[PDB]
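What follows is a short report on a single structure.
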2 protein chains.
Amino acid sequence: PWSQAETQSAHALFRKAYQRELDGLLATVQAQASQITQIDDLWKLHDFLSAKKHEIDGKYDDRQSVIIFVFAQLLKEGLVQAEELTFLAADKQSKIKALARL
Amino acid sequence: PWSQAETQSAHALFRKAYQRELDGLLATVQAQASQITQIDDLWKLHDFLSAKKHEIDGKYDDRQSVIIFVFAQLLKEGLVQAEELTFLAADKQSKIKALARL
């Protein structure tokens, strides 16, 4: 079903993708912040933060039975690339790449 | 008993204080958003932004039951100067200052 080395590297690229979305999030927040003029910009920021937080909290399900779909989402948002999925079994990669288009 | 002038000028002052708080809030946010290094300080900010927003929404209440307390507060937080209250009756000024000194 799931090789060990598979599971390991999976959790790895998982948390790496996490760190990536974190970097992007931080960059965007700092950017928006340093370039505000109106007060409405600040509330745009606020809304952005609530949304992104909500998203991220429920996004990164680490459980095995869902990891494929999580990976799929991450790929659909380009947080990872197909080239980074080579450490998996073939059926898994094809699965992910299929679930991506949904 | 609130005369027309007292109410009108009270609203003008309320708005003045509102814009002032907007400026201060803007300054603080714009500041600590440049002092971020870690990621958790991004959430503090958020929480701050999520707290201070709920405040400002329901802070400036012009109803008779609290208006004096609102002015007292706005006086403590330096959102209004004492000399801006001179349009009010003397008793009200006294009361506001009294609630503000504590």
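Here, A, B, ... name the chains of the structure tokens in the order displayed, residue numbers run from 1 inside each chain, and ligands are numbered from 1 in the same displayed order.
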- line: Superposition check: chain B onto chain A, every Cα matched in order, least-squares RMSD of 1.3 Å
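Look at residue 28 of chain B: the protein and nucleic acid residues within 12 Å of it, using only C-alpha atoms and passing over chain neighbours fewer than 4 places away, are residues 33, 34 and 42 of chain A; 21, 22, 23, 24, 32, 33, 34, 35, 45, 48, 49 and 52 of chain B.
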query: Looking at B:89, B:99, B:70, B:27, which one is nearest to chain A, with distances taken over only C-alpha atoms?
result: B:27
task: Just the residues within 7 Å of residue 96 of chain B, please, counting only C-alpha atoms, with nothing from its chain fewer than 6 positions along; format it as a PyMOL selection string.
output: chain B and resi 68+71-72
Selected residues, N, CA, C and O atoms, written as a compact mmCIF listing (two decimals), in the first residue's frame, please.
# COMPACT_ATOMS: atom_id res chain seq x y z
N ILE B 68 -21.62 59.84 27.57
CA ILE B 68 -20.68 60.42 28.53
C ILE B 68 -19.49 59.49 28.75
O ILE B 68 -18.35 59.94 28.81
N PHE B 71 -17.24 59.56 25.72
CA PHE B 71 -16.40 60.76 25.77
C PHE B 71 -15.28 60.66 26.81
O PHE B 71 -14.16 61.10 26.56
N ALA B 72 -15.60 60.09 27.96
CA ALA B 72 -14.63 59.87 29.02
C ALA B 72 -13.46 59.01 28.52
O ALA B 72 -12.29 59.37 28.67
- prompt: Contacts of residue 65 of chain A at 12 Å or less, counting only C-alpha atoms, minus same-chain residues fewer than 3 places along, as a list in words?
  reply: residues 1, 2, 7, 61, 62, 68, 69, 70, 71 and 92 of chain A
Include N, CA and C atoms and write out the residues we just selected as a CSV table (one decimal), in the first residue's frame.
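File written: selection-v2.csv
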chain,number,residue,atom,x,y,z
A,1,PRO,N,0.8,-1.2,0.0
A,1,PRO,CA,0.0,0.0,0.0
A,1,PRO,C,0.9,1.3,0.0
A,2,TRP,N,1.5,1.5,1.1
A,2,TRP,CA,2.4,2.7,1.3
A,2,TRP,C,3.8,2.3,1.8
A,7,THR,N,6.1,7.2,2.7
A,7,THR,CA,5.5,8.0,3.8
A,7,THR,C,6.4,9.1,4.3
A,61,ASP,N,-4.4,18.4,5.7
A,61,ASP,CA,-4.7,17.2,6.4
A,61,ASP,C,-3.5,16.2,6.1
A,62,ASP,N,-2.9,15.7,7.1
A,62,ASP,CA,-1.7,14.9,7.0
A,62,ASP,C,-2.0,13.4,6.9
A,68,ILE,N,-3.3,12.2,-0.7
A,68,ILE,CA,-3.3,12.3,-2.1
A,68,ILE,C,-4.1,13.5,-2.6
A,69,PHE,N,-5.3,13.7,-2.0
A,69,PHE,CA,-6.1,14.8,-2.4
A,69,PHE,C,-5.4,16.1,-1.9
A,70,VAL,N,-4.8,16.1,-0.8
A,70,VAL,CA,-4.1,17.3,-0.3
A,70,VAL,C,-3.0,17.7,-1.3
A,71,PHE,N,-2.2,16.7,-1.6
A,71,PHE,CA,-1.2,16.8,-2.7
A,71,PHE,C,-1.7,17.4,-4.0
A,92,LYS,N,0.0,6.4,-7.7
A,92,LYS,CA,-0.2,7.6,-6.9
A,92,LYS,C,-0.1,8.9,-7.6
DSSP alpha helix (DSSP H) residues within segment 11-93 of chain A, listed as a PyMOL selection string: chain A and resi 11-34+40-59+64-76+90-93
task: Would you kindly return, as a VMD selection string, each protein, DNA or RNA residue with an atom no farther than 8 Å from any atom of segment 74-83 of chain A, considering only C-alpha atoms and excluding same-chain residues fewer than 3 positions away?
output: chain A and resid 17 20 to 21 70 to 71 86 93 97 100 to 101
Output C-alpha atoms for every residue in that selection, as an mmCIF file, in the first residue's frame.
data_model
loop_
_atom_site.group_PDB
_atom_site.id
_atom_site.type_symbol
_atom_site.label_atom_id
_atom_site.label_comp_id
_atom_site.auth_asym_id
_atom_site.auth_seq_id
_atom_site.Cartn_x
_atom_site.Cartn_y
_atom_site.Cartn_z
ATOM 1 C CA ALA A 17 4.854 22.968 0.768
ATOM 2 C CA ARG A 20 6.262 27.653 0.931
ATOM 3 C CA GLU A 21 2.678 28.844 1.381
ATOM 4 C CA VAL A 70 -4.086 17.300 -0.289
ATOM 5 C CA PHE A 71 -1.152 16.825 -2.667
ATOM 6 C CA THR A 86 8.626 10.991 -8.417
ATOM 7 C CA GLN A 93 1.276 10.209 -9.168
ATOM 8 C CA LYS A 97 -2.402 14.528 -11.298
ATOM 9 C CA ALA A 100 -5.747 18.035 -9.634
ATOM 10 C CA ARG A 101 -8.045 18.972 -12.541
#
query: Which one of A:55, A:47, A:6, A:84 sits closest to chain B if you count only C-alpha atoms?
result: A:47
